[PDB]
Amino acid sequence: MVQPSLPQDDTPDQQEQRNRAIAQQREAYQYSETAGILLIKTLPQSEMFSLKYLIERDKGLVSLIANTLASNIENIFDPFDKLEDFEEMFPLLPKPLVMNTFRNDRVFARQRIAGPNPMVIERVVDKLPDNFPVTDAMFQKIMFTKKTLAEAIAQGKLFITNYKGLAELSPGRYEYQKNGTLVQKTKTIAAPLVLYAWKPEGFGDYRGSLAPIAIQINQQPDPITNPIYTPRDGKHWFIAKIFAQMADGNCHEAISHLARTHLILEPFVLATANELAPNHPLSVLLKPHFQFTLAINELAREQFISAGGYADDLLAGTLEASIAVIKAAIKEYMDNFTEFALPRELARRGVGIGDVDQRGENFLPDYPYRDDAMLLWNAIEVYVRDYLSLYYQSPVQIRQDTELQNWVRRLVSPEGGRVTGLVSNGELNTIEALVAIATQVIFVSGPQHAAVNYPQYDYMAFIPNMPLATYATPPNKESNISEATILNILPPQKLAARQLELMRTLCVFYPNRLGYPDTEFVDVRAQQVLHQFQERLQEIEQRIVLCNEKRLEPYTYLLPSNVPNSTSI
């Protein structure tokens, strides 16, 4: 029941124990790497999943055994026989929400602002990419308008998702036995550009909604081998959306999920253990939001990014290519850590709260991820500030905290996570800078991970909406498209089963809850502050419910009751 205190304020015998405790934690929490990704060398037993967590995780795996027994899907690398079969994969599981409406263009587009990866869409400024040769004739034909691309861009109506990150990927390979011999096949890579337009009129109703304009499946334009597809292209348009969804799913899993929630949190958990005493106020604040994070990252090391793991079998590129994308997304996040704060991140894509027209309306008014995440970001910020101000009243105490200074030096260190863009001037000198750091770490661990992890089942457990790999080249625009052509593009049965298995495991339960730690703060002042944060969460929950009532489709993933306290699944 020790009261938290800064190291400078203690007695040389108190300081001695802190150093002893820190020395013990350093031995227990040793730094390691797998394929260049920072991870703990050996996991401490105290950091393992609880018994309660294991019981829930086992219920999800047993439920997959039962659902597989009921299902007609087979353990083969053959395609499905019918498109309808993809809808029979859930006899004993909840039906994914996107399954009925996934063919609709609005449903396709909405996923950009309310699906599993609401992190790619950016507003177009000045012009389109020169490798994306959309013409005025195309835009006017799709929008049934006389407006030009330049006029639409000048008014902030055009948005784009550019998947150039996957352009350098080496295509994944798979093999199997079919009649005594070994078959070797290769996945098809795509790095599409997708143009979206915001339509105030909407489809029939006056609500308004983002609509997709064009898709170019690969980066280098060519009128024959890589044309621009539009909604008027019919079946070809449908296939183009499949490849775009595959791109979004690969960026989601590599960049948005694994890299920028799970793995960028690992250095902060390790630096907290390696530099902060158990009774340090920052350790007492951050640790609830690290519960099971080291453990779930070890499972990702063993099951997700391993040879034969989920990323190896399901994603578009080779395991080596996927890990290269993951590490590059980690480095850019760490180099520009402060710039990936939620308001600055949205503003850099031109879809922040500040991006408005002359009237003051946002260019992208319907962004449920943005609106709900902003509420959680602001509430966490207030909570962190009140908490830290209980222990930091003057910025000199920030500068005089040796454990905190070591904590920052460990993070910016090459072997400690290389968070080069953590602080300004090479040192942490102000309370408000530490407020922003702790705010972003808590926001990533809870709200952000909730927003990318939980929609995975609703949108990626139904394979046709977002297949993690495509298994045939895009058909020629002139070429006829049968059901078999699509079934050959979509994943074979065994790999579709593997994708459902992965998505079900990720969203089967909530290991903890935002603002509700296992152990109450020893300090009464901290407990009152935590209580205030919980009260704000209840208010935010009610506001989101009100927002959901008027929204086209409810967006439930950032409801406080659905946000975990930590990245733990």
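Heads up: residue numbers just count along the shown sequence, starting at 1.
- When the two stretches 291-299 and 81-89 are set side by side, the higher mean Cα temperature factor goes to 81-89.
- Taking the PDB entry as given, 393-401 carries the higher mean Cα B factor of the two stretches 90-98 and 393-401.
- Per the PDB entry, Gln177 shows the highest C-alpha temperature factor of the residues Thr261, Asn117, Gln177, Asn162.
- Which of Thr181, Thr473, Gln456, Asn250 has the largest Cα B-factor in the deposited entry comes down to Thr181.
- The entry lists a Cα temperature factor for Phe521 that places it in the highest third of the chain's modelled residues.
- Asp58: CA B factor in the middle third of modelled residues in this chain (values from the PDB entry).
- The PDB entry assigns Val563 a C-alpha temperature factor belonging to the middle third of its chain's modelled residues.
- Sort the chain's modelled residues by C-alpha temperature factor and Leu537 lands in the highest third, per the entry.
- Among all modelled residues in this chain, the alpha-carbon of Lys127 has a temperature factor (C-alpha) in the highest third.
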